[PDB]
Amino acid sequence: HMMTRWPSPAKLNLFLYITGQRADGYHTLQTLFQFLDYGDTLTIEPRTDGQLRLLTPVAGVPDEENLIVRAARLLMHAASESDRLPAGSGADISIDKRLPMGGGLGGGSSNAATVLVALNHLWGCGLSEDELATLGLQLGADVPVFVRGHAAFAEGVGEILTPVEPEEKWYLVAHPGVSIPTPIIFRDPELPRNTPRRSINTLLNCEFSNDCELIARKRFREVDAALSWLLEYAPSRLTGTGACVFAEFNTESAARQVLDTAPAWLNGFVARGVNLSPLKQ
C-alpha cells in the first residue's frame, strides 16, 4: 500500500545520574534528554493480510529480536486485547539506519517509538500517547521520551517525564569505534550508584556529567581517546552508557570545524539539538 516515511531521531543524555539500585538490579536514574536533528528514517507500508515483515534486517540483530518488530508485535497484542486492532492489520517496514548499535544515542528505543506511533496512526487503533508510552517502557528504557516527543527530565523508573527547554546547541557526536552494550556498564561493580536524588532546579544548576563516563573511559581505551580529543575544544561527555561521546558548540560552523580535527578512525557527525522531536511533526 502507501509508502509512509517516519523520522526516528537520536537523543543525547545531557546529564545522567545513578541514584540507586533495586534488589532486582534495576538502577534508578535522573537524566535529561535532548533530541538531535539526526537519526534513522523508517518506511512503513501498511498491509491487510496480517503479515509483519522487516524488509531491511539490521546486521547483528535477528529479525524477531529487532525492536522494530518487537514494537509492532506488542502494539498488535495490546490493541487486539482491547478490540482496537482491525483484522488483517499488517505492515512492511524498512529502515535507513544511521544510529549505531550500543551507541548511547537511543537508536533502538527511537525506532520502537516511531513504530508504535506510526502503526497506531496508520492502523487507526486509537491508543493515546499515555498508552503508547506505557507500552514503550516495556520495550526500552527511553521509548517513552521519544513517544512523548519533548526534551525532558526523566526519573522514577523512566516513566516520570517533565518537559525541559535546554539550549538547542550544536553537537559534534563521535563514535569511538567500539560498541558498549548497557549491561556491560551497569553490571560493573565500580559504577557509581549513590548519587543523591536532586530536584530539577538543582540539577539544572549542577555541573552536567554522566555517572557512566569514568567507567567507560577506564574500561575502553577508545572512549578515553575520543574524549581526550574533543576535550581539547569544547565541553564533552559520554552519552548513555557509551560508546558515543559528544561535544557542545554554539554554532554549526564551530562544530564542523572541530569535526575536521577528528582522527580518521574517529567517525563523527554534527547535528543540532532540538527540543521537539521530528516525529511529533
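Residue numbers run from 1 along the displayed sequence.
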Entry-level comparison of average CA B-factors, 221-229 and 30-38, reporting the higher stretch: 221-229
Average Cα temperature factor in the PDB entry - higher stretch of 21-29, 260-268: 260-268
Among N194, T134, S179, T162 - the residue whose C-alpha B-factor is largest in the record: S179
Top residue by Cα temperature factor, when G106, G140, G149, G90 are compared in the entry: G90
Chain thirds of CA B-factor: placement of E190: highest
Third of chain Cα B-factors occupied by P86: highest
Ranked C-alpha temperature factor of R70 among modelled chain residues, by third: middle
Ranked against its chain, the third holding the CA B-factor of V117: lowest
Lowest, middle or highest third - CA B-factor, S236: middle
